[PDB]
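Shown below, as structure tokens, is a lone chain in the form deposited in one PDB entry; questions about how it binds or moves come after it.
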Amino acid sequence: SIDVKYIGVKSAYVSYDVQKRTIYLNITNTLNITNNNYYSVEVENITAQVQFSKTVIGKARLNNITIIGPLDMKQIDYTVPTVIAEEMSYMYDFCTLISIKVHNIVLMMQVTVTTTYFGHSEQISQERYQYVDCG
């Protein structure tokens, strides 16, 4: 929700950082902070109802009948990697990768035939990544 911050080297509220081979003399330095946060987030107030069937069938006749709910047959992230060779050869090579399914992250939150949802859903990734270094 709030202040989802990525900071690569350094973070401060205040910084007086002094780096290499420097001379830093006779400084007078003062700081008078009021820093106040009244975070009232993600506050909720709910009256809810969820009803998948009401049925009245009285004096009826219902002879042949068939009923089926929601039907799911997805394929997701589906693969058939096929590598066919005869003289598959690797010789004297320095830095070599033969990579046929690789992931850093899979996040999945709600994967469903059905959902009813009255909430708050937050999904976050923060990262630094190198696949190869071989200098």
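Position 1 is the first residue in the sequence shown; the rest follow in order. Shifts are known only where both forms have a C-alpha. Rigid core here is just the name for the largest C-alpha set that superposes within 1.5 Å across the two forms.
This protein has a second form, the form deposited in another entry, left out of what is shown; the following refers to that one.
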{"item": "Position with Cα shift of 2 Å or more, rigid core superposed between the shown form and the other one, options 47, 32, 29, 40", "value": "47"}
{"item": "Core-superposed C-alpha of residue 74 shifting 2 Å or more between the shown form and the other one", "value": "yes"}
{"item": "Core superposition between the shown form and the other one, C-alpha change of residue 88 at least 2 Å", "value": "yes"}
{"item": "Rigid core superposed: residue 106 CA moves 2 Å or more between the shown form and the other one", "value": "no"}
{"item": "CA-CA separation of residue 69 and residue 113, closer or farther in the other form than in the form shown [shift of 3 angstroms or more]", "value": "closer"}
{"item": "Cα-Cα shift for residue 125 and residue 78, closer or farther in the other form, minimum 3 Å", "value": "farther"}
{"item": "Rigid-core superposition between the shown form and the other one, with residue runs of at least 3 whose C-alphas all shift by 2 Å or more", "value": "45-92"}
